[PDB]
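Protein chains in written order, with the authors' numbering: chain B, 6 to 313; chain A, 6 to 313; chain C, 6 to 313.
Encoded as structure tokens, the structure appears first; notes follow it.
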Amino acid sequence: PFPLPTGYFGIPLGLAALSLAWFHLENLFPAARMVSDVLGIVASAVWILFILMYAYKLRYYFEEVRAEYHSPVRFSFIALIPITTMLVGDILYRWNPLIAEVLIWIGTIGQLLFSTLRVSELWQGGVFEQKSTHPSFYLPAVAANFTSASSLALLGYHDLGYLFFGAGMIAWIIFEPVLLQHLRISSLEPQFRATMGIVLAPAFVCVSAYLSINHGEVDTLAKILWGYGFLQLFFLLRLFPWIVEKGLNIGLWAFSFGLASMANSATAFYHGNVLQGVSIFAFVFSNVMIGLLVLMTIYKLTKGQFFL
Amino acid sequence: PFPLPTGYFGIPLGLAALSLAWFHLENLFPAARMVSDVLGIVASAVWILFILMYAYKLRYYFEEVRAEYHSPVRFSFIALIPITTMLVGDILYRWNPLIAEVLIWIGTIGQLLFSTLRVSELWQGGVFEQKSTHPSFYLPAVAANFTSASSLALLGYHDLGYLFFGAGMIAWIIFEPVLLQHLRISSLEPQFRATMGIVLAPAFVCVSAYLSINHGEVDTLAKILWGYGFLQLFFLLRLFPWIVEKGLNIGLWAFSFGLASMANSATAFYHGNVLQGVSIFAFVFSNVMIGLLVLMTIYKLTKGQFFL
Amino acid sequence: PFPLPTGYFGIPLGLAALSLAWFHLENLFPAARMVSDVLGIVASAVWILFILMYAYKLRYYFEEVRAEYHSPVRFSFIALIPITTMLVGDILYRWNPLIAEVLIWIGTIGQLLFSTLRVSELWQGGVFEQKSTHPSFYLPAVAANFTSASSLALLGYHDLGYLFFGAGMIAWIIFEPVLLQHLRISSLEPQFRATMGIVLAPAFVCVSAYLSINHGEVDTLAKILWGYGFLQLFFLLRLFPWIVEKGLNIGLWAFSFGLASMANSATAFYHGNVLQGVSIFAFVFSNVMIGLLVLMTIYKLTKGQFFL
């Protein structure tokens, strides 16, 4: 098999999202910029390492790449590559805007092409099955569009960012009904339970992208999106003993994107003097959870239970 | 069997919602306050009686309470207790704001805890079934959140109200697709047909809550929500001969919450000089339907066909 | 059988939508009004011819009319009659406002009555099946409401237009999830594949209607709706070789409504100086695609492959 699962890209993805969330606290806290820089450098290094590993996979393990691309459930994890590329471009924008824009456009084109080629291929039917309705499907259709929208808004293309954000939002509210229904009826296998954290992702990623696009203005839509995000967060907090029934694993980094987007939206809300206490709680909770995830990953690395 | 089904809480729920709807007409019509006071007193008395009966059930009939709580379909009717508590707090706010705040917070915490503990256990799967996709599922996930949002907005917590309202709105949008697909596909048994009136609830409850949070401002969203609510109302008016195929019963009070929320939104729209004729029609229709429901309940009581 | 399928009403429907889209360019170009007049006249003549044919069907082929009305999948194509009537009224409004108002109201009442009588009758269940979840279901529930909203906004009833538009929008958001899940799971048989173009319709019809009611003001909602519409357009562009696997046919006119609504929204966006390049591309693409559809229809007519 391949040592690096394609789902391990959630490590740099979550770290970069948290780096951006901290970066938004540049003014109110002098060390916020330093924390953002450290997180961004770590995420960029991890992303470079994983990109090299995946290039090696393509060069010498193309059979596995084809198998995961054509699978109706495993294909959605290939969408983490463009998402993490766009997040790394967002990080680099603070240093070299040209390289940041190049990375952002590469990731946006890649994710849009992947969604067009593969997500639309499912409509042909036959390959997708009722048991393939997993939370990971958010990555190509929802998370990618929100990340591209936020990145484009960072570059100044606010109308294109609005287009991408709306595509992602409508795809999210169009897919989540059937996903939650499947979860209610058909449960979820222990190996796929760790991906339940992606359910927390869209609600907070949407508000983060919206606040990025509209210059951090806390409209009614942002409050509504936090309402749903906090409902989802409570639901998943209740289910966490069930999610980790088989034990801790690197698959829990799926919660990282949702937690980091929650932190980013918390900074945006705090800047707006809206629900300051709830914003502080959300930011602290996201940071603590991602820190626990980092500690778990370090423990796995020391123990050797990280690579496959 | 207990003489009081948990679904009988829709009587005080509908009466209190109608009381608030009338209360919103305090200034325009001198006897609107008197009608609101009468309806609120009746709803509060009925709610106190039902709370005492349910406490008796918990004390001496806890087996039935456990059975209904663990049932994937009957659990949703326990969400009527916090909803009615919050509505009674809304009523009492006109007299004793402290007791009203206590009741509203108790109901909000109770419904949020119930949704976290039970509506999220369904995602584990195996207990919820495709045949359990009933309109009553709106009560814990949707109706409770909207009622809590409106109640909090009544206390002055407009941002927290916005959070709760958004949670309820997105939960409604996420659940209704599968519910309507099930209704189209698998029909609905005569015993559960009376609960079809809960389909009318979310569309009008959402607009009522929205007009409560935003100071009764008739935005585009309120007009959209009435559009869908009236589409649903026509759909259910066509189906009413089918809904009462086996005859009238106390289960028809499910329509009461939707009708009362329609009346409340009608008052809000009339105050805004938006669709005044439609608002008058909606208010009169809601009042007449709830009066017919009250007459039916009184006839059942006199006939002795009310308690089980 | 009867020579004219009920789905052939998409020819006048698409032509009239394109005529309105061009008419919106009256001021910018001198010949935009001439093109709009030509398209509207052709659409009106075709609609009159098809109305006469359908009246003949009702008089002497009522068995087929009843069979298609009671069919859970074929009933949705009867909604093309009121939709095309409302579009023809919109066209005529530029010449004789009284006849335009009469036609618009006739179509609105007809489509609302059809939706109430038939779309709500499906909730009884037992006739609708999981394999009847076809894209054509958008016509009675979604497309009709959007067209009615646009037509009413044309007459000056902007609040009633908002009601209808919201009804259509929420109906679309509520139906699309299960439709796309069915498409992913099952597979539109070749004879029903041509109707896949109706998936492109709601996203752009919604934004066209919204820009009609709100005086062509490009708001965040319009940008979001284009985001989803372009995602859908790319998805269907990828699938087009699969959609026409068995060859081109008159069923491809289902794409006509979506393309014409895209052109209309493109004109509205261009007027607002929002994404002018994307607006130009969308308008040109819609016109070229509808022109190709017209050429295909003319070739079918010359080849004698149009009527059954």
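Backbone N, C-alpha and C define an ideal beta-carbon position, used for all residues, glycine too.
For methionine 174/B, return the contacting residues in chain C, with the cut-off set at a CB-CB distance below 7 Å.
The residue labelled residue 174/B in the question sits at position 169 within the first sequence. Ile229, listed in chain order.
8 Å CB neighbourhood of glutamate 31/A in its chain, flanking five on each side removed:
On the second sequence, residue 31/A is found 26 positions in, with the first residue counted as 1. The residues are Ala37, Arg38 and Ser41.
Please say whether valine 93/A and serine 49/A have beta carbons closer to each other than 8 Å?
In the second sequence, residue 49/A corresponds to position 44, counting from 1. In the second sequence, residue 93/A corresponds to position 88, counting from 1. It is a contact, given that the beta carbons lie within the stated cut-off.
Euclidean distance between Cα positions of residue 5/A and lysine 251/C
Since the first residue of chain A shown is 6 and the last is 313, residue 5/A is not available in this structure.
Of all the CB atoms in chain A, is at least one closer than 8 Å to the CB of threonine 89/C?
As a first step, residue 89/C must be located in the third sequence, where it is residue number 84. No, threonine 89/C does not count as interfacial toward chain A.
Identify every run of the beta strand (DSSP E) within the stretch 52–133 of chain B, keeping only runs that are complete inside it and at least 3 residues long; order them along the chain.
none
Measuring only between beta-carbons, confirm whether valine 183/C sits less than 8 Å from chain A.
Residue numbering aside, residue 183/C sits at position 178 when the third sequence is read from its first letter. Closer than 8 Å: yes.
Between which two residues does the alpha helix (DSSP H) carrying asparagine 269/A extend?
Here residue 269/A corresponds to residue number 264 of the second sequence, with the count starting at 1. 259–276 is the span of the alpha helix (DSSP H), which, as asked, contains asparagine 269/A.
Could you check the C-alpha separation between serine 213/A and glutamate 222/B for me, to the nearest Å?
Counting from 1 along the second sequence, the entry for residue 213/A is found at position 208. Counting from 1 along the first sequence, the entry for residue 222/B is found at position 217. Straight-line Cα distance between these residues: approximately 25 Å.
The stretch 125–138 of chain A: positions lying closer than 7 Å to chain B by Cβ
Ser125, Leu127, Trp128, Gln129, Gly130, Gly131, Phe133, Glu134 and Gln135
Given that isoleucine 285/A touches chain C, what residues does it touch there, using C-beta distances under 9 Å?
Mapped onto the second sequence, residue 285/A falls at position 280. Within chain C, no residue comes near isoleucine 285/A; the closest Cβ sits about 14 Å away, beyond 9 Å.
Closer than 8 Å, CB to CB, is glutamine 310/A near chain C or not?
As a working note, residue 310/A is residue 305 in the second sequence. The beta carbon of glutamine 310/A does not come within 8 Å of any beta carbon belonging to chain C, so the residue lies off that interface.
Cβ neighbours of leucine 226/B in the same chain (closer than 7 Å, five flanking residues each side left out):
Within the first sequence, numbered from 1, the residue matching residue 226/B stands at position 221. Within the same chain, and ignoring the five residues on either side of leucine 226/B in sequence, the residues whose Cβ sits closer than 7 Å to its Cβ are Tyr215.
Per-residue contacts from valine 279/B into chain A (C-beta, under 7 Å):
The residue given as residue 279/B occupies position 274 in the first sequence. Going along chain A in sequence order, the residues near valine 279/B (Cβ under 7 Å) are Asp164.
Starting from the beta carbon of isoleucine 179/C, find every residue of chain A whose beta carbon is closer than 7 Å, and list them in chain order.
To locate residue 179/C, count along the third sequence from 1; it is residue 174. Within 7 Å Cβ-Cβ: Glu181, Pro182 and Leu185.
Examine chain C for any beta-carbon lying closer than 8 Å to the beta-carbon of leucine 20/A, and answer yes or no.
Translated into the one-based positions of the second sequence, residue 20/A becomes position 15. Closer than 8 Å: no.
If you check the beta carbons only, do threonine 152/C and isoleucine 88/C fall under 8 Å apart?
The residue labelled residue 152/C in the question sits at position 147 within the third sequence. The residue labelled residue 88/C in the question sits at position 83 within the third sequence. The answer is yes: Cβ separation under 8 Å.
Just checking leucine 63/C against the ligand FAD - is the residue's beta carbon closer than 7 Å to any of the ligand's heavy atoms?
Of the ligands one can find in the structure shown there are none, so the ligand FAD has no counterpart to examine.
For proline 140/C, does the three-state DSSP call read helix, strand or coil?
Position 135 of the third sequence, counted from the first residue, corresponds to residue 140/C. The three-state reading of DSSP puts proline 140/C in helix, counting H, G and I together.
Short CB-CB distance (under 8 Å) between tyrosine 74/A and chain B:
Within the second sequence, residue 74/A is the residue found at index 69, counting from 1. So no, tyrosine 74/A is outside the interface.
Could you tell me which of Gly15/C, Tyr61/C and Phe197/C sits nearest to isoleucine 248/C, measuring between CA atoms?
In the third sequence, residue 248/C corresponds to position 243, counting from 1. Among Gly15/C, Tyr61/C and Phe197/C, the Cα nearest to that of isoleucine 248/C belongs to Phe197/C.
What in chain C is Cβ-close to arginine 189/A, meaning under 7 Å?
Counting from 1 along the second sequence, the entry for residue 189/A is found at position 184. Residues of chain C passing the Cβ test: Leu127, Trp128, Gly130 and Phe133.
With H, G and I counted as helix, E and B as strand and the rest as coil, what does DSSP make of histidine 220/B?
The residue labelled residue 220/B in the question sits at position 215 within the first sequence. Coil at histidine 220/B, not helix or strand.
Looking at C-alpha atoms only, which residue of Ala268/C, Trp258/C, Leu18/C and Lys308/C is the closest neighbour of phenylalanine 235/C?
Indexing the third sequence from 1 puts residue 235/C at position 230. Looking at the Cα atoms, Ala268/C is the closest of the given residues.
Counting only beta-carbon atoms, is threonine 200/A nearer than 8 Å to chain C?
Counted from its first residue, the second sequence places residue 200/A at position 195. For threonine 200/A, the answer is no, since every Cβ of chain C falls outside 8 Å of its Cβ.
CB contact below 8 Å: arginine 243/A versus chain C:
Residue 243/A sits at position 238 when you count from the first residue of the second sequence. Judged by the 8 Å Cβ criterion, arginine 243/A is in contact with chain C.
So with CB distances below 8 Å, who are the chain A contacts of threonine 113/C?
Numbered from its first residue, the third sequence carries residue 113/C at position 108. None at all; the shortest Cβ gap to chain A is about 13 Å.
Specify the secondary structure class of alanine 176/C as computed by DSSP and reduced to three states.
As a working note, residue 176/C is residue 171 in the third sequence. It is helical.
Residues near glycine 15/C in its chain [Cβ-Cβ closer than 7 Å; skip 5 each side]
Mapped onto the third sequence, residue 15/C falls at position 10. Around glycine 15/C: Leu85, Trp258, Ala259, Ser261 and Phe262.
May I ask you to list, following chain order, the residues of the stretch 205–236 of chain A that have a beta carbon less than 7 Å from some beta carbon of chain C?
Here the close residues are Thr225, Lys228, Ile229, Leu230, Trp231, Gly232, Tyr233, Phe235 and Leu236.
Check whether chain B comes within 8 Å of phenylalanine 80/A, counting only Cβ atoms and requiring the distance to be less than that.
For this step, residue 80/A is matched to residue 75 along the second sequence. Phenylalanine 80/A does not count as touching chain B.
Would you give the residue range spanned by the alpha helix (DSSP H) that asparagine 150/A belongs to?
In the second sequence, the residue the question calls residue 150/A occupies position 145. Here the alpha helix (DSSP H) through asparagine 150/A covers 149–160.
Going straight from the alpha carbon of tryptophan 231/A to that of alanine 154/C, what length do you get?
On the second sequence, residue 231/A is found 226 positions in, with the first residue counted as 1. On the third sequence, residue 154/C is found 149 positions in, with the first residue counted as 1. Their Cα atoms are separated by approximately 13 Å.
Does any CB atom of chain C fall closer than 8 Å to the CB of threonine 121/B?
Translated into positions along the first sequence, residue 121/B becomes position 116. It does: the Cβ of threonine 121/B has a partner Cβ on chain C nearer than 8 Å.
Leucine 168/C touches chain A at which residues, Cβ-Cβ below 7 Å?
If you number the third sequence from 1, residue 168/C lands on position 163. The answer, in chain order, is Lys228, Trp231, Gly232 and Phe235.
Does the beta carbon of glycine 161/B sit closer than 8 Å to a beta carbon anywhere in chain C?
Here residue 161/B is taken as the residue at index 156 of the first sequence, counted from 1. Contact with chain C is absent for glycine 161/B, since none of that chain's Cβ atoms lies less than 8 Å from the residue's Cβ.
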